[PDB]
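Beneath this line is the structure, given in structure tokens, with notes to follow.
Just so we're on the same page: letters track the sequence lines, and every chain starts at 1.
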Amino acid sequence: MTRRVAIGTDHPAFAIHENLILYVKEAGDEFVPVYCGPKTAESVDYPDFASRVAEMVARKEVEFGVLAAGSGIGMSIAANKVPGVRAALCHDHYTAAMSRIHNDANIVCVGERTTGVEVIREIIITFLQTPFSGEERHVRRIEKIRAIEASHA
Amino acid sequence: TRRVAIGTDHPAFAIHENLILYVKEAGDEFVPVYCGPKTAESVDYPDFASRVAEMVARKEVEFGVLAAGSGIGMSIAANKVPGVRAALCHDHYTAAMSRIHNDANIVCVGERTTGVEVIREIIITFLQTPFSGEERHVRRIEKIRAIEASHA
Amino acid sequence: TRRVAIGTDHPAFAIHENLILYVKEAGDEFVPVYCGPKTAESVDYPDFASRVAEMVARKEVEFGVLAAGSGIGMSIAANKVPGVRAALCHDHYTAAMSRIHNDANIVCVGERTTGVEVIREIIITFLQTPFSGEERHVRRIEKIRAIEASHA
Amino acid sequence: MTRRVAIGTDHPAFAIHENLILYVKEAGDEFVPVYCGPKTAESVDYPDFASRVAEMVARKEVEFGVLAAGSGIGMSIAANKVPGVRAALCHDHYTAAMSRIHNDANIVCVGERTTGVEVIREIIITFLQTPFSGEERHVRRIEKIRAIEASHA
């Protein structure tokens, strides 16, 4: 009945991982943060934690992923390489909402070096709270994304 | 000659001629190859993403540009193609860093989120900015390829 | 009835009917009063900023909306009018916080920087979000009035 | 021959004031940061430091101002109430450049809670390095801003 939300970061975004845990809780009591990012401030490679969270989402161990890094760009590239993952790099409320409404995104990506924590807060909450629309055209398009995955499997 | 395949969906069709011009503005060496819809009628972004992304994957063009409503769908779909690194950019900084850190080969923009002058800036910056070639970045990009390999 | 004066310059003239509609979308109580140019020919933003800002200052309308290329000129000029608090917004968060913290009475947007769907979001959020009325915010807003007074 | 750049913040942006000093220097050796923000992390009111920096710019004690706060919105409202000041709230490279090119802005405002430090870095550098265009229409429009000031003096 509650909804698990896996969280990953690289090194620069480690400073805000408690923030991320908190922002997930702020979305609602039904959202459970599962912190899977570095345990310390040590330099890491983003694809390893993108992969870690992405696989959890793909295997359905969690419903949602949060990936925070310098820019979030590498996070969104790495995570989308995992089949079943729809990872959206968001920079504001609008992209966060539309990633859910149009793309039924299951991973939100943000940049610690690009986006202020209060906007990251807003992004995480909006992403978790905004439902997928279910509308015919979006379903068809998401299915075409799945078709692209299959053709390369 | 550095060829740049351009794809859009319906809302971004209205600015396709802008994208063609912005690519050229990046320098004489940059050659736009328009692969988007030829009318304003509604299409599905993954069809145009795939088309551009396959061209990049297969080395038929060096770069792609995908423009849609938000660009989010474009970046999800394009990245499903092995060898693609598609970066959804919303400013100069992300456009630059996508090349510097990630050696992105596709740039994604939202026509409904980002004004055309910033889209212009994004495209020019993306094409002009070189990959750093720095050690850690090369290692991380290979790690992306190792994720692809693990699912192929 | 909560009246909202709308002003633009030339690049934002193309979306003036959008702004009129976005104001209405904020709720039935919101009434757009268009005070921008009536043709696409080039104008000077401070003329339209002043016009809208004077209406807000004089209490003839509750709110203003200024749309230009970047909105930066709009926000500089509008703020030169005593009683105006003009907020240049580029997303939902700034639009909300301009009302919550600053009790902004004019919202400024760039047609060349910010896509129309985000402009739509900015306008709706700006108009719908109430000022917090919190103590520190009231004190700081009065401090803004004391800066005006010190130069009048 | 060098160019003084006054820096102010409120409380939340105090954490990054050394960043701001550094970013001004990064624009070039000709740019001299003059830190005028809070000396400590104590809660302050943004208009007081906006005023402080704005007056310095208006009196021409410095050429440029940097104001960093939560959102930067209040900073840009307060600073523009000082005659002679053209304070631009910027959130990216484009607005930073155009504030100089079109508006000959003399104060840049940023939000610590909205904009990541690396974008703030880019904003400050672009603002300081980008020249005013001098073009006829911008001069006329800036003069109309001055005219608005006069009519309320």
Fill in: Rounded distance (nearest 0.5 Å) linking atom CD1 of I73(A) with atom CE of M97(B)
9.0 Å

Worksheet item: In Å, rounded to the nearest 0.5 Å, how long is the span from SG of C90(A) to CG of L88(B)?
Response: 8.0 Å

Worksheet item: Does atom CD of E30(A) have more than 12 heavy-atom neighbours, drawn from other residues, nucleotides or ligands, at distances under 6.0 Å?
Response: yes

Worksheet item: So does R145(B) have more than 12 non-hydrogen atoms from other groups sitting under 6.0 Å from CZ?
Response: no

Item to complete: Please look at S43(A) and chain B and tell me whether the side chain, the backbone, both or neither of the residue comes under 4.5 angstrom of a heavy atom of that chain.
Response: side chain

Worksheet item: Any idea which heavy atoms bring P46(B) and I145(A) closest together, and the distance?
Response: CG-CG1, 4.0 Å

Worksheet item: So which bits of residues 101-138 of chain B come within less than 4.5 Å of chain A, counting non-hydrogen atoms only?
Response: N102(B), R112(B), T113(B)

Item to complete: Side chain from CB out, backbone as N, CA, C, O: work out which of these in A87(B) comes under 4.5 Å of a heavy atom of chain A, or both, or neither.
Response: both

Discussion item. I need the contact set between residues 75-82 of chain B and chain A: heavy-atom distance under 4.5 Å, sorted by residue number.
Written reply: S75(B), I76(B), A77(B), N79(B), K80(B), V81(B), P82(B)

Fill in: CD (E61(A)) with more than 12 external heavy atoms under 6.0 Å
yes

Worksheet item: Is the number of heavy atoms from other residues, nucleotides or ligands within 6.0 Å of CZ (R59(A)) greater than 12?
Response: no

Practice prompt. Output yes when a side-chain donor or acceptor of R141(A) lies under 3.5 Å from a complementary backbone atom of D47(B), and no otherwise.
Written response: no

